[PDB]
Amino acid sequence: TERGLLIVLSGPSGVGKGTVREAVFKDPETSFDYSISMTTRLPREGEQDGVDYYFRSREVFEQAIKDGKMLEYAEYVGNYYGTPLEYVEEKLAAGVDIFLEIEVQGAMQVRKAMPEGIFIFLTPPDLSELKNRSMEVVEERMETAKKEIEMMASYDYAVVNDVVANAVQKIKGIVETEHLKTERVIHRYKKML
């Protein structure tokens, strides 16, 4: 059993992260597991622990935060929501790739907690077409572009969401390429011997 990879897809709000993540999971060639979040809220109708969420108490959640066992977390209306280190680690050690789609502020928490993850920045198609366009809106668009390029330096790869199908193909290519790195390939061959 080769170690799984944590694949983190982020990028600005409205770039199509949700749509790309859905298409990645619909693709018959992918074999990712979705990251299951831990929450302190109680289950709703049809929800199962270990399937929809890891339902835990506030005490358990805060203890996980204090012990550095939380990759990312936030409190949304008195309820904690977060990505637990223990369950991500168990799946990676069992050889399963985990795919996590998250907002840019959440991604920086995950990056600090798990630098071994593969961080993909989903890019607006307008970023390359910026010059093919001073108004306060033009000044804002140029400022947005500069900050996206600066944010991108924290990521491993940047993929343009020109066509959802194209972003999916590039993401599959990234994950396959990461598994072909000789450090990982040698590990497989040595464990065989």
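One-based numbering along the sequence shown.
Counting the unmodelled positions of the deposited sequence between residue 133 and residue 134 gives a gap of 4 to 9 residues. Look at the mean CA B-factor for 181-189 and for 14-22 in the entry; the higher one is 181-189. Comparing 23-31 with 157-165, the stretch with the higher mean C-alpha B-factor in the PDB entry is 23-31. Across 73, 121, 76, 87, the greatest Cα temperature factor reported in the deposited entry is at 76. In this PDB entry, the Cα temperature factor of residue 152 sits in the middle third of its chain's modelled residues. In this PDB entry, residue 36 carries a Cα temperature factor that places it within the middle third of its chain's modelled residues. Ranked by C-alpha B-factor against the other modelled residues of its chain, residue 113 falls in the highest third.
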